>>> print(open('input.cif').read())   # mmCIF, C-alpha atoms and all ligand atoms
data_my_file
#
loop_
_atom_site.group_PDB
_atom_site.id
_atom_site.type_symbol
_atom_site.label_atom_id
_atom_site.label_comp_id
_atom_site.auth_asym_id
_atom_site.auth_seq_id
_atom_site.Cartn_x
_atom_site.Cartn_y
_atom_site.Cartn_z
ATOM 1 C CA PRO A 1 9.624 -84.033 -138.034
ATOM 2 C CA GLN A 2 9.407 -87.803 -138.287
ATOM 3 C CA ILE A 3 9.310 -89.538 -134.903
ATOM 4 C CA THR A 4 9.920 -93.226 -134.351
ATOM 5 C CA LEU A 5 8.421 -95.518 -131.753
ATOM 6 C CA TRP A 6 11.553 -97.220 -130.421
ATOM 7 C CA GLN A 7 11.187 -94.727 -127.552
ATOM 8 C CA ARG A 8 8.112 -92.993 -126.099
ATOM 9 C CA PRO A 9 7.260 -90.145 -128.516
ATOM 10 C CA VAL A 10 7.916 -87.293 -126.074
ATOM 11 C CA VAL A 11 7.939 -83.624 -127.322
ATOM 12 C CA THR A 12 8.212 -80.196 -125.609
ATOM 13 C CA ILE A 13 5.128 -78.068 -125.063
ATOM 14 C CA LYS A 14 4.713 -74.487 -123.765
ATOM 15 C CA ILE A 15 1.580 -73.757 -121.753
ATOM 16 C CA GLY A 16 1.234 -70.943 -119.262
ATOM 17 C CA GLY A 17 4.708 -69.584 -120.000
ATOM 18 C CA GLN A 18 6.406 -72.810 -118.915
ATOM 19 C CA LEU A 19 8.002 -75.646 -120.850
ATOM 20 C CA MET A 20 7.139 -79.224 -120.031
ATOM 21 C CA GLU A 21 7.482 -82.574 -121.820
ATOM 22 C CA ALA A 22 4.421 -84.427 -123.043
ATOM 23 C CA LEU A 23 3.801 -87.776 -124.688
ATOM 24 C CA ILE A 24 2.215 -88.026 -128.134
ATOM 25 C CA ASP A 25 -0.790 -90.235 -127.712
ATOM 26 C CA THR A 26 -2.860 -91.280 -130.640
ATOM 27 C CA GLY A 27 -5.084 -93.386 -128.418
ATOM 28 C CA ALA A 28 -6.167 -90.527 -126.163
ATOM 29 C CA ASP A 29 -9.196 -88.589 -127.348
ATOM 30 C CA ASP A 30 -8.135 -85.665 -125.189
ATOM 31 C CA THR A 31 -5.115 -83.956 -123.773
ATOM 32 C CA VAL A 32 -4.686 -84.660 -120.024
ATOM 33 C CA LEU A 33 -1.874 -82.888 -118.200
ATOM 34 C CA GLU A 34 -0.599 -83.364 -114.633
ATOM 35 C CA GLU A 35 -2.435 -81.590 -111.751
ATOM 36 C CA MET A 36 -1.734 -77.808 -111.932
ATOM 37 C CA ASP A 37 -3.469 -74.409 -112.241
ATOM 38 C CA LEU A 38 -3.885 -72.863 -115.678
ATOM 39 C CA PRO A 39 -4.746 -69.233 -116.491
ATOM 40 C CA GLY A 40 -8.511 -69.591 -116.808
ATOM 41 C CA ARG A 41 -11.357 -71.422 -115.186
ATOM 42 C CA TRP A 42 -12.526 -74.949 -115.283
ATOM 43 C CA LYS A 43 -15.497 -77.221 -115.137
ATOM 44 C CA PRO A 44 -15.578 -80.727 -113.725
ATOM 45 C CA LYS A 45 -15.237 -83.725 -116.093
ATOM 46 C CA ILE A 46 -14.899 -87.497 -115.745
ATOM 47 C CA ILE A 47 -12.690 -89.478 -118.185
ATOM 48 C CA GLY A 48 -12.458 -93.205 -118.636
ATOM 49 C CA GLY A 49 -9.210 -95.025 -119.230
ATOM 50 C CA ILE A 50 -7.748 -98.467 -118.723
ATOM 51 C CA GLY A 51 -8.658 -99.676 -115.296
ATOM 52 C CA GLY A 52 -10.931 -96.937 -113.979
ATOM 53 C CA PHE A 53 -12.283 -93.407 -114.213
ATOM 54 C CA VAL A 54 -10.663 -90.239 -113.005
ATOM 55 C CA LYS A 55 -12.109 -86.777 -112.158
ATOM 56 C CA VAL A 56 -10.377 -83.974 -114.005
ATOM 57 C CA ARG A 57 -10.562 -80.182 -114.307
ATOM 58 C CA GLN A 58 -11.573 -79.142 -117.876
ATOM 59 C CA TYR A 59 -10.007 -75.861 -119.064
ATOM 60 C CA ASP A 60 -11.449 -74.596 -122.377
ATOM 61 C CA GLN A 61 -9.856 -72.617 -125.245
ATOM 62 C CA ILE A 62 -6.317 -72.741 -123.792
ATOM 63 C CA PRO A 63 -3.332 -71.579 -125.979
ATOM 64 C CA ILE A 64 -0.547 -74.212 -126.201
ATOM 65 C CA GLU A 65 2.589 -74.258 -128.443
ATOM 66 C CA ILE A 66 3.331 -77.793 -129.622
ATOM 67 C CA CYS A 67 6.831 -77.849 -131.203
ATOM 68 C CA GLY A 68 6.702 -74.374 -132.768
ATOM 69 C CA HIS A 69 3.088 -74.616 -133.926
ATOM 70 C CA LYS A 70 0.755 -72.344 -131.938
ATOM 71 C CA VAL A 71 -2.461 -74.227 -131.109
ATOM 72 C CA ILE A 72 -5.678 -73.664 -129.057
ATOM 73 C CA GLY A 73 -7.836 -76.241 -127.413
ATOM 74 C CA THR A 74 -9.363 -77.898 -124.392
ATOM 75 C CA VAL A 75 -6.859 -79.358 -121.923
ATOM 76 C CA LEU A 76 -7.776 -81.545 -118.923
ATOM 77 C CA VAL A 77 -5.832 -81.429 -115.669
ATOM 78 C CA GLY A 78 -5.749 -84.343 -113.207
ATOM 79 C CA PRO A 79 -3.818 -87.192 -111.488
ATOM 80 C CA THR A 80 -2.222 -88.593 -114.646
ATOM 81 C CA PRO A 81 1.071 -90.444 -114.524
ATOM 82 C CA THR A 82 2.260 -88.441 -117.565
ATOM 83 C CA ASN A 83 1.381 -85.356 -119.580
ATOM 84 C CA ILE A 84 -0.608 -86.615 -122.564
ATOM 85 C CA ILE A 85 -1.293 -84.861 -125.894
ATOM 86 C CA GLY A 86 -4.352 -86.484 -127.483
ATOM 87 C CA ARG A 87 -6.003 -86.329 -130.876
ATOM 88 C CA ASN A 88 -7.810 -83.014 -130.232
ATOM 89 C CA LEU A 89 -4.533 -81.095 -130.343
ATOM 90 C CA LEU A 90 -2.633 -83.464 -132.651
ATOM 91 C CA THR A 91 -5.000 -82.816 -135.537
ATOM 92 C CA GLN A 92 -4.207 -79.110 -135.173
ATOM 93 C CA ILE A 93 -0.499 -79.578 -135.723
ATOM 94 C CA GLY A 94 -1.083 -81.863 -138.713
ATOM 95 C CA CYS A 95 0.147 -85.053 -137.027
ATOM 96 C CA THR A 96 -0.280 -88.281 -139.039
ATOM 97 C CA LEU A 97 0.648 -91.949 -138.602
ATOM 98 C CA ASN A 98 2.600 -93.501 -141.429
ATOM 99 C CA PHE A 99 3.576 -97.069 -142.103
ATOM 100 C CA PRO B 1 -0.744 -95.831 -145.457
ATOM 101 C CA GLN B 2 -1.102 -92.329 -144.122
ATOM 102 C CA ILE B 3 -3.647 -92.130 -141.309
ATOM 103 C CA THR B 4 -5.054 -88.872 -139.976
ATOM 104 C CA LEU B 5 -6.196 -88.326 -136.373
ATOM 105 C CA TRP B 6 -9.549 -86.628 -136.986
ATOM 106 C CA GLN B 7 -11.207 -89.951 -136.445
ATOM 107 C CA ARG B 8 -9.748 -92.689 -134.115
ATOM 108 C CA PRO B 9 -6.808 -94.495 -135.846
ATOM 109 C CA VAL B 10 -8.300 -98.019 -135.977
ATOM 110 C CA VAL B 11 -6.885 -100.832 -138.176
ATOM 111 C CA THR B 12 -7.612 -104.490 -138.745
ATOM 112 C CA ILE B 13 -5.458 -107.140 -137.094
ATOM 113 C CA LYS B 14 -5.606 -110.894 -137.609
ATOM 114 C CA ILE B 15 -4.670 -112.721 -134.442
ATOM 115 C CA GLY B 16 -5.409 -116.322 -133.751
ATOM 116 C CA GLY B 17 -6.851 -116.928 -137.201
ATOM 117 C CA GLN B 18 -9.661 -114.413 -136.719
ATOM 118 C CA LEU B 19 -9.733 -110.718 -137.700
ATOM 119 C CA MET B 20 -10.755 -107.877 -135.380
ATOM 120 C CA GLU B 21 -10.503 -104.055 -135.094
ATOM 121 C CA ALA B 22 -7.881 -102.417 -132.919
ATOM 122 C CA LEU B 23 -6.643 -98.919 -132.129
ATOM 123 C CA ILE B 24 -3.204 -97.592 -132.932
ATOM 124 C CA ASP B 25 -1.922 -96.209 -129.646
ATOM 125 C CA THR B 26 1.372 -94.465 -129.509
ATOM 126 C CA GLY B 27 1.036 -93.963 -125.770
ATOM 127 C CA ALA B 28 0.694 -97.665 -124.907
ATOM 128 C CA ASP B 29 4.063 -99.294 -124.430
ATOM 129 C CA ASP B 30 2.380 -102.678 -124.762
ATOM 130 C CA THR B 31 -0.345 -104.219 -126.799
ATOM 131 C CA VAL B 32 -3.460 -105.053 -124.785
ATOM 132 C CA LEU B 33 -6.522 -106.941 -126.052
ATOM 133 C CA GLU B 34 -10.022 -107.664 -124.786
ATOM 134 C CA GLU B 35 -10.413 -110.864 -122.836
ATOM 135 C CA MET B 36 -10.131 -114.053 -124.858
ATOM 136 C CA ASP B 37 -7.809 -117.019 -124.932
ATOM 137 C CA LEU B 38 -5.109 -117.204 -127.569
ATOM 138 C CA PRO B 39 -3.416 -120.407 -128.770
ATOM 139 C CA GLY B 40 -0.513 -120.369 -126.302
ATOM 140 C CA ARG B 41 0.280 -120.219 -122.601
ATOM 141 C CA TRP B 42 0.158 -117.112 -120.434
ATOM 142 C CA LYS B 43 1.826 -115.780 -117.321
ATOM 143 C CA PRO B 44 0.412 -113.080 -114.946
ATOM 144 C CA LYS B 45 1.088 -109.343 -115.330
ATOM 145 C CA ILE B 46 -0.190 -106.075 -113.769
ATOM 146 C CA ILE B 47 -0.141 -103.001 -116.019
ATOM 147 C CA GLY B 48 -1.278 -99.499 -115.198
ATOM 148 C CA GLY B 49 -3.614 -97.266 -117.139
ATOM 149 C CA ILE B 50 -4.662 -93.725 -116.311
ATOM 150 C CA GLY B 51 -7.477 -95.035 -114.048
ATOM 151 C CA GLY B 52 -5.167 -97.344 -112.103
ATOM 152 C CA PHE B 53 -3.581 -100.809 -112.152
ATOM 153 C CA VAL B 54 -5.139 -103.797 -113.841
ATOM 154 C CA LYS B 55 -4.438 -107.566 -114.103
ATOM 155 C CA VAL B 56 -3.730 -109.149 -117.473
ATOM 156 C CA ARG B 57 -2.599 -112.446 -119.001
ATOM 157 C CA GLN B 58 0.728 -112.030 -120.738
ATOM 158 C CA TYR B 59 1.104 -114.184 -123.883
ATOM 159 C CA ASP B 60 4.605 -114.277 -125.416
ATOM 160 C CA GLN B 61 5.677 -114.751 -129.078
ATOM 161 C CA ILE B 62 2.197 -114.513 -130.678
ATOM 162 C CA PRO B 63 1.945 -113.893 -134.478
ATOM 163 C CA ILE B 64 -0.275 -111.002 -135.634
ATOM 164 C CA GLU B 65 -1.015 -109.608 -139.076
ATOM 165 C CA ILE B 66 -1.497 -105.843 -138.757
ATOM 166 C CA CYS B 67 -3.070 -105.121 -142.202
ATOM 167 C CA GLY B 68 -0.769 -107.178 -144.463
ATOM 168 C CA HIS B 69 2.459 -107.156 -142.446
ATOM 169 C CA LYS B 70 3.206 -110.273 -140.433
ATOM 170 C CA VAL B 71 4.850 -109.621 -137.065
ATOM 171 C CA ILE B 72 5.677 -111.309 -133.825
ATOM 172 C CA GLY B 73 5.444 -110.087 -130.252
ATOM 173 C CA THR B 74 3.945 -110.089 -126.780
ATOM 174 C CA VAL B 75 0.196 -109.612 -126.546
ATOM 175 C CA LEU B 76 -1.656 -108.919 -123.255
ATOM 176 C CA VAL B 77 -5.245 -109.950 -122.551
ATOM 177 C CA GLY B 78 -7.388 -108.171 -120.040
ATOM 178 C CA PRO B 79 -10.451 -106.008 -119.247
ATOM 179 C CA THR B 80 -9.793 -103.205 -121.681
ATOM 180 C CA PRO B 81 -12.598 -101.163 -123.224
ATOM 181 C CA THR B 82 -10.966 -101.500 -126.622
ATOM 182 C CA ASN B 83 -8.166 -103.498 -128.388
ATOM 183 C CA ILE B 84 -4.995 -101.449 -128.506
ATOM 184 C CA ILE B 85 -1.739 -101.868 -130.473
ATOM 185 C CA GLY B 86 1.085 -100.351 -128.534
ATOM 186 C CA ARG B 87 4.624 -99.474 -129.505
ATOM 187 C CA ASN B 88 6.058 -102.986 -129.081
ATOM 188 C CA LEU B 89 4.371 -104.127 -132.352
ATOM 189 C CA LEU B 90 4.160 -100.715 -134.060
ATOM 190 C CA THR B 91 7.902 -100.467 -134.444
ATOM 191 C CA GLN B 92 7.852 -103.799 -136.319
ATOM 192 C CA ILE B 93 5.555 -102.534 -139.055
ATOM 193 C CA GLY B 94 7.624 -99.398 -139.449
ATOM 194 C CA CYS B 95 5.098 -96.949 -137.918
ATOM 195 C CA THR B 96 6.145 -93.322 -137.394
ATOM 196 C CA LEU B 97 4.472 -89.957 -136.553
ATOM 197 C CA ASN B 98 4.987 -86.940 -138.796
ATOM 198 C CA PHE B 99 3.976 -83.311 -138.592
HETATM 199 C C1 LIG A 101 -6.084 -90.690 -121.992
HETATM 200 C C2 LIG A 101 -7.582 -90.762 -121.709
HETATM 201 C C3 LIG A 101 -8.356 -89.624 -122.398
HETATM 202 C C4 LIG A 101 -9.690 -90.123 -122.836
HETATM 203 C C5 LIG A 101 -9.537 -91.539 -123.449
HETATM 204 O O1 LIG A 101 -9.039 -91.580 -124.799
HETATM 205 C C6 LIG A 101 -8.315 -91.936 -122.564
HETATM 206 N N1 LIG A 101 -7.733 -93.205 -123.072
HETATM 207 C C7 LIG A 101 -6.646 -93.922 -122.594
HETATM 208 O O2 LIG A 101 -6.173 -93.726 -121.461
HETATM 209 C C8 LIG A 101 -5.996 -95.025 -123.609
HETATM 210 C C9 LIG A 101 -6.799 -96.352 -123.547
HETATM 211 C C10 LIG A 101 -8.268 -96.230 -123.899
HETATM 212 C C11 LIG A 101 -8.708 -96.356 -125.223
HETATM 213 C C12 LIG A 101 -10.081 -96.165 -125.551
HETATM 214 C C13 LIG A 101 -11.005 -95.811 -124.504
HETATM 215 C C14 LIG A 101 -10.576 -95.777 -123.140
HETATM 216 C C15 LIG A 101 -9.193 -95.990 -122.875
HETATM 217 C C16 LIG A 101 -4.544 -95.430 -123.129
HETATM 218 C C17 LIG A 101 -3.511 -94.333 -123.205
HETATM 219 O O3 LIG A 101 -3.300 -94.131 -124.561
HETATM 220 C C18 LIG A 101 -2.098 -94.460 -122.680
HETATM 221 N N2 LIG A 101 -2.045 -94.394 -121.228
HETATM 222 C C19 LIG A 101 -1.231 -93.160 -121.110
HETATM 223 C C20 LIG A 101 -0.745 -92.905 -119.663
HETATM 224 N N3 LIG A 101 -0.032 -94.072 -119.157
HETATM 225 C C21 LIG A 101 1.292 -94.016 -118.762
HETATM 226 O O4 LIG A 101 1.959 -93.099 -119.262
HETATM 227 C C22 LIG A 101 1.903 -95.042 -117.814
HETATM 228 C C23 LIG A 101 3.142 -95.627 -118.176
HETATM 229 N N4 LIG A 101 3.844 -96.444 -117.365
HETATM 230 C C24 LIG A 101 3.386 -96.711 -116.124
HETATM 231 N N5 LIG A 101 4.210 -97.442 -115.291
HETATM 232 C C25 LIG A 101 5.246 -96.757 -114.497
HETATM 233 C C26 LIG A 101 6.619 -97.430 -114.721
HETATM 234 N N6 LIG A 101 6.509 -98.873 -114.431
HETATM 235 C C27 LIG A 101 7.836 -99.506 -114.463
HETATM 236 C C28 LIG A 101 5.588 -99.494 -115.405
HETATM 237 C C29 LIG A 101 4.161 -98.911 -115.228
HETATM 238 C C30 LIG A 101 2.138 -96.153 -115.750
HETATM 239 CL CL1 LIG A 101 1.515 -96.520 -114.163
HETATM 240 N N7 LIG A 101 1.408 -95.350 -116.583
HETATM 241 C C31 LIG A 101 -0.759 -95.347 -119.337
HETATM 242 C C32 LIG A 101 -1.112 -95.480 -120.846
HETATM 243 C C33 LIG A 101 -1.713 -96.836 -121.112
HETATM 244 O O5 LIG A 101 -2.934 -96.992 -121.034
HETATM 245 N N8 LIG A 101 -0.787 -97.800 -121.433
HETATM 246 C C34 LIG A 101 -0.971 -99.253 -121.355
HETATM 247 C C35 LIG A 101 0.259 -100.049 -121.792
HETATM 248 C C36 LIG A 101 -1.004 -99.680 -119.896
HETATM 249 C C37 LIG A 101 -2.254 -99.678 -122.066
#
>>> encode(input="input.cif", output="structure tokens", more="lines below")
Ligand SMILES: C[C@H]1CC[C@@H](O)[C@H]1NC(=O)[C@H](Cc1ccccc1)C[C@H](O)CN1CCN(C(=O)c2cnc(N3CCN(C)CC3)c(Cl)n2)C[C@H]1C(=O)NC(C)(C)C
Amino acid sequence: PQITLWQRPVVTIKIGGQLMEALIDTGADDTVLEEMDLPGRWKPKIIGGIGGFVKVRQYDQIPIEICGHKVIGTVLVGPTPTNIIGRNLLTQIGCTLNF
Amino acid sequence: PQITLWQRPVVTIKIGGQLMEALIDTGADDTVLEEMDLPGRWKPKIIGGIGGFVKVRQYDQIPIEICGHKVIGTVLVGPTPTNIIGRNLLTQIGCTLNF
């Protein structure tokens, strides 16, 4: 689908048997979701953003369905204001920027 | 053009008569740039990133040339690790996401 930027590009993702909305973020190198427990085990990781660093739980090889497309990748869990879908998963669904 | 997300989506912007590299960020509602003074007058503003809140200088009605296209909008200046073009100016160049 073609999504415009007049609004925040928010899609629906399925991860862990539950549906939740996430923002499409071309500026994020990784996918950081809001603090929760995913089926698997993590490692500690520190990510840098605008105005600080945050400590997040890194869950590897997690299966996530982004808008129909089944995808697998690393997802970080932490105190983020919004669920973010970064480049690592966006490349897997074939997402491009056009102008 | 059609830009893929394997690499970071960085383009060239001319702002204030000088050209510099920036990152296309669909998650950033606003456009934030690394500290410098632009030909205009600013007012204070506090925006929040994933790490926390930060203080920036809000400059209104500044003209930018995102690779050919000439646009007009609000640019923020602050301690950001990289120059980012948010949705406020991306809509003006006709930027969309497609997968
Ligand atoms: C994601 C990390 C993974 C690894 C790195 O890639 C990494 N990078 C990033 O974080 C990049 C920047 C970067 C680039 C290169 C290197 C380091 C950093 C920014 C990110 O794309 C977007 N980020 C998403 C979450 N988010 C919100 O949803 C949000 C929205 N609105 C809020 N509110 C609430 C209602 N209020 C009325 C108003 C303020 C609040 Cl608090 N928060 C803030 C937003 C952001 O930064 N937006 C701007 C306008 C402030 C700039």
>>> closest_residue(input="input.cif", among="B:98, B:91, B:74, B:26", to="ligand LIG 101 (chain A)", atoms="all atoms listed in the file")
B:26
>>> closest_atom_pairs(input="input.cif", of="chain B", to="ligand LIG 101 (chain A)", cutoff="7 Å", atoms="all atoms listed in the file", output="CSV")
residue,atom,partner,partner_atom,distance
B:25,CA,A:LIG101,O3,5.7
B:26,CA,A:LIG101,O3,6.8
B:27,CA,A:LIG101,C18,4.4
B:28,CA,A:LIG101,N8,3.8
B:29,CA,A:LIG101,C35,4.7
B:30,CA,A:LIG101,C35,4.5
B:31,CA,A:LIG101,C35,6.5
B:32,CA,A:LIG101,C37,6.1
B:47,CA,A:LIG101,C36,5.2
B:48,CA,A:LIG101,CL1,4.2
B:49,CA,A:LIG101,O5,4.0
B:50,CA,A:LIG101,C31,5.2
B:53,CA,A:LIG101,CL1,7.0
B:81,CA,A:LIG101,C13,5.7
B:82,CA,A:LIG101,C12,5.5
B:86,CA,A:LIG101,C35,6.8
>>> residues_around(input="input.cif", residues="residue 42 of chain A", least_positions_apart="4", cutoff="9 Å", atoms="only C-alpha atoms", output="MDAnalysis selection string")
chainID A and resid 38 57:60 76
>>> closest_residue(input="input.cif", among="A:67, A:10, A:95, A:33", to="chain B", atoms="all atoms listed in the file")
A:95
>>> calpha_fit_and_write(input="input.cif", fixed="chain B", moving="chain A", output="compact mmCIF listing (two decimals) with C-alpha atoms, in the frame of the given file")
# COMPACT_ATOMS: atom_id res chain seq x y z
CA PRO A 1 -0.69 -95.79 -145.60
CA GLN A 2 -1.05 -92.34 -144.07
CA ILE A 3 -3.67 -92.18 -141.32
CA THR A 4 -5.15 -88.99 -139.94
CA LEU A 5 -6.35 -88.25 -136.43
CA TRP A 6 -9.76 -86.72 -137.17
CA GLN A 7 -11.06 -90.18 -136.23
CA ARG A 8 -9.64 -92.87 -133.92
CA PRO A 9 -6.84 -94.59 -135.89
CA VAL A 10 -8.49 -98.02 -136.07
CA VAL A 11 -6.96 -100.80 -138.29
CA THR A 12 -7.73 -104.52 -138.86
CA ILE A 13 -5.60 -107.20 -137.24
CA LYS A 14 -5.57 -111.01 -137.63
CA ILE A 15 -4.68 -113.03 -134.54
CA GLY A 16 -5.68 -116.63 -133.97
CA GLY A 17 -7.31 -116.93 -137.39
CA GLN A 18 -9.83 -114.18 -136.65
CA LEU A 19 -10.09 -110.57 -137.76
CA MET A 20 -10.72 -107.85 -135.23
CA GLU A 21 -10.31 -104.06 -135.17
CA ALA A 22 -7.68 -102.44 -132.99
CA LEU A 23 -6.71 -98.88 -132.17
CA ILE A 24 -3.25 -97.53 -132.98
CA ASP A 25 -1.87 -96.25 -129.73
CA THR A 26 1.42 -94.49 -129.57
CA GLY A 27 1.01 -93.89 -125.86
CA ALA A 28 0.70 -97.56 -124.93
CA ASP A 29 3.97 -99.35 -124.28
CA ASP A 30 2.26 -102.66 -124.93
CA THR A 31 -0.50 -104.24 -126.91
CA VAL A 32 -3.55 -105.06 -124.73
CA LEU A 33 -6.45 -106.89 -126.35
CA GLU A 34 -9.92 -107.69 -124.96
CA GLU A 35 -10.35 -110.77 -122.70
CA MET A 36 -10.01 -113.97 -124.82
CA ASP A 37 -7.98 -117.20 -125.15
CA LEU A 38 -5.01 -117.26 -127.50
CA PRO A 39 -3.18 -120.34 -128.84
CA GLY A 40 -0.43 -120.55 -126.24
CA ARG A 41 0.07 -120.07 -122.55
CA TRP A 42 0.30 -117.07 -120.36
CA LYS A 43 1.83 -115.61 -117.27
CA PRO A 44 0.26 -113.06 -114.97
CA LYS A 45 1.14 -109.35 -115.39
CA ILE A 46 -0.02 -106.05 -113.90
CA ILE A 47 -0.20 -102.89 -116.09
CA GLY A 48 -0.72 -99.32 -115.01
CA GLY A 49 -2.87 -96.88 -116.91
CA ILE A 50 -4.86 -93.74 -116.25
CA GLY A 51 -6.86 -94.21 -113.11
CA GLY A 52 -5.71 -97.60 -111.85
CA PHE A 53 -3.98 -100.91 -112.46
CA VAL A 54 -5.36 -103.95 -114.16
CA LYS A 55 -4.33 -107.66 -114.05
CA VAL A 56 -3.72 -109.12 -117.48
CA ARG A 57 -2.69 -112.43 -119.06
CA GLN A 58 0.70 -112.09 -120.86
CA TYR A 59 1.04 -114.27 -123.98
CA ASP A 60 4.59 -114.32 -125.42
CA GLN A 61 5.86 -114.65 -129.02
CA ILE A 62 2.38 -114.50 -130.60
CA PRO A 63 2.06 -114.13 -134.45
CA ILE A 64 -0.18 -111.19 -135.48
CA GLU A 65 -0.78 -109.69 -138.97
CA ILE A 66 -1.11 -105.91 -138.76
CA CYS A 67 -2.43 -104.60 -142.12
CA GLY A 68 -0.61 -107.10 -144.35
CA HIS A 69 2.65 -107.05 -142.40
CA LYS A 70 3.28 -110.31 -140.51
CA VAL A 71 4.57 -109.52 -137.00
CA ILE A 72 5.46 -111.42 -133.77
CA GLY A 73 5.33 -110.16 -130.25
CA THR A 74 3.96 -110.17 -126.74
CA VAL A 75 0.24 -109.42 -126.46
CA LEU A 76 -1.63 -108.84 -123.17
CA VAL A 77 -5.23 -109.92 -122.67
CA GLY A 78 -7.54 -108.30 -120.11
CA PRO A 79 -10.59 -106.10 -119.31
CA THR A 80 -9.74 -103.28 -121.72
CA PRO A 81 -12.43 -101.09 -123.21
CA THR A 82 -10.76 -101.44 -126.64
CA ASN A 83 -8.18 -103.55 -128.45
CA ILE A 84 -4.94 -101.55 -128.30
CA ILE A 85 -1.82 -101.90 -130.48
CA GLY A 86 1.11 -100.33 -128.61
CA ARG A 87 4.65 -99.39 -129.50
CA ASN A 88 6.05 -102.94 -129.19
CA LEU A 89 4.22 -104.04 -132.33
CA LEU A 90 4.09 -100.64 -134.06
CA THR A 91 7.87 -100.47 -134.36
CA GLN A 92 7.74 -103.80 -136.19
CA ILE A 93 5.48 -102.50 -138.93
CA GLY A 94 7.56 -99.34 -139.35
CA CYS A 95 4.95 -96.95 -137.94
CA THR A 96 6.07 -93.31 -137.52
CA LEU A 97 4.46 -90.04 -136.44
CA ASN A 98 4.81 -87.16 -138.84
CA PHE A 99 3.96 -83.51 -138.48
>>> atom_distance(input="input.cif", atom1="atom CA of residue 5 of chain B", atom2="atom CA of residue 68 of chain A")
19.3 Å
>>> axis_aligned_box(input="input.cif", around="segment 23-40 of chain A", padding_each_side="8 Å", output="AutoDock Vina command-line options")
--center_x -2.7 --center_y -81.3 --center_z -121.2 --size_x 29.0 --size_y 40.2 --size_z 34.9
>>> atom_distance(input="input.cif", atom1="atom CA of residue 66 of chain B", atom2="atom CA of residue 13 of chain B")
4.5 Å
>>> residues_near_point(input="input.cif", point="(-6.0, -79.8, -129.7)", cutoff="7 Å", atoms="all atoms listed in the file", output="PyMOL selection string")
chain A and resi 71-74+87-92
>>> write_last_selection(input="input.cif", atoms="C-alpha atoms", output="PDB file, keeping the file's coordinate frame")
ATOM      1  CA  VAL A  71      -2.461 -74.227-131.109  1.00  0.00           C
ATOM      2  CA  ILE A  72      -5.678 -73.664-129.057  1.00  0.00           C
ATOM      3  CA  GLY A  73      -7.836 -76.241-127.413  1.00  0.00           C
ATOM      4  CA  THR A  74      -9.363 -77.898-124.392  1.00  0.00           C
ATOM      5  CA  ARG A  87      -6.003 -86.329-130.876  1.00  0.00           C
ATOM      6  CA  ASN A  88      -7.810 -83.014-130.232  1.00  0.00           C
ATOM      7  CA  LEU A  89      -4.533 -81.095-130.343  1.00  0.00           C
ATOM      8  CA  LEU A  90      -2.633 -83.464-132.651  1.00  0.00           C
ATOM      9  CA  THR A  91      -5.000 -82.816-135.537  1.00  0.00           C
ATOM     10  CA  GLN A  92      -4.207 -79.110-135.173  1.00  0.00           C
TER      11      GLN A  92
END
>>> atom_distance(input="input.cif", atom1="atom CA of residue 36 of chain A", atom2="atom CA of residue 11 of chain A")
19.1 Å
>>> closest_residue(input="input.cif", among="B:65, B:37, B:6, B:51", to="residue 85 of chain B", atoms="all atoms listed in the file")
B:65
>>> closest_residue(input="input.cif", among="A:64, A:56, A:3, A:15", to="chain B", atoms="all atoms listed in the file")
A:3
>>> resolve_selection(input="input.cif", expression="the PyMOL selection byres (((chain B and resi 16) around 9) and not hetatm)", output="list in words")
residues 14, 15, 17, 18, 19, 38, 39, 62, 63 and 64 of chain B
>>> closest_residue(input="input.cif", among="A:12, A:46, A:54, A:83", to="chain B", atoms="all atoms listed in the file")
A:54
>>> closest_residue(input="input.cif", among="B:43, B:23, B:61, B:35", to="chain A", atoms="only C-alpha atoms")
B:23
>>> build_atoms(input="input.cif", residues="segment 19-25 of chain A", atoms="N, CA, C and O atoms", output="compact mmCIF listing (two decimals), in the coordinates of the input")
# COMPACT_ATOMS: atom_id res chain seq x y z
N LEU A 19 7.73 -74.51 -119.97
CA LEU A 19 8.00 -75.65 -120.85
C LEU A 19 7.87 -76.91 -120.06
O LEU A 19 8.25 -76.96 -118.89
N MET A 20 7.29 -77.93 -120.68
CA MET A 20 7.14 -79.22 -120.03
C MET A 20 7.01 -80.31 -121.11
O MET A 20 6.49 -80.05 -122.20
N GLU A 21 7.54 -81.49 -120.84
CA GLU A 21 7.48 -82.57 -121.82
C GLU A 21 6.15 -83.31 -121.78
O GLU A 21 5.55 -83.48 -120.72
N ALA A 22 5.68 -83.71 -122.95
CA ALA A 22 4.42 -84.43 -123.04
C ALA A 22 4.55 -85.55 -124.04
O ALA A 22 5.34 -85.47 -124.98
N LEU A 23 3.78 -86.60 -123.83
CA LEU A 23 3.80 -87.78 -124.69
C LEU A 23 2.80 -87.64 -125.81
O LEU A 23 1.70 -87.13 -125.60
N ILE A 24 3.15 -88.09 -127.01
CA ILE A 24 2.22 -88.03 -128.13
C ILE A 24 1.39 -89.25 -128.04
O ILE A 24 1.91 -90.37 -128.12
N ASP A 25 0.08 -89.09 -127.90
CA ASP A 25 -0.79 -90.24 -127.71
C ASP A 25 -1.91 -90.32 -128.63
O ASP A 25 -2.96 -89.76 -128.37
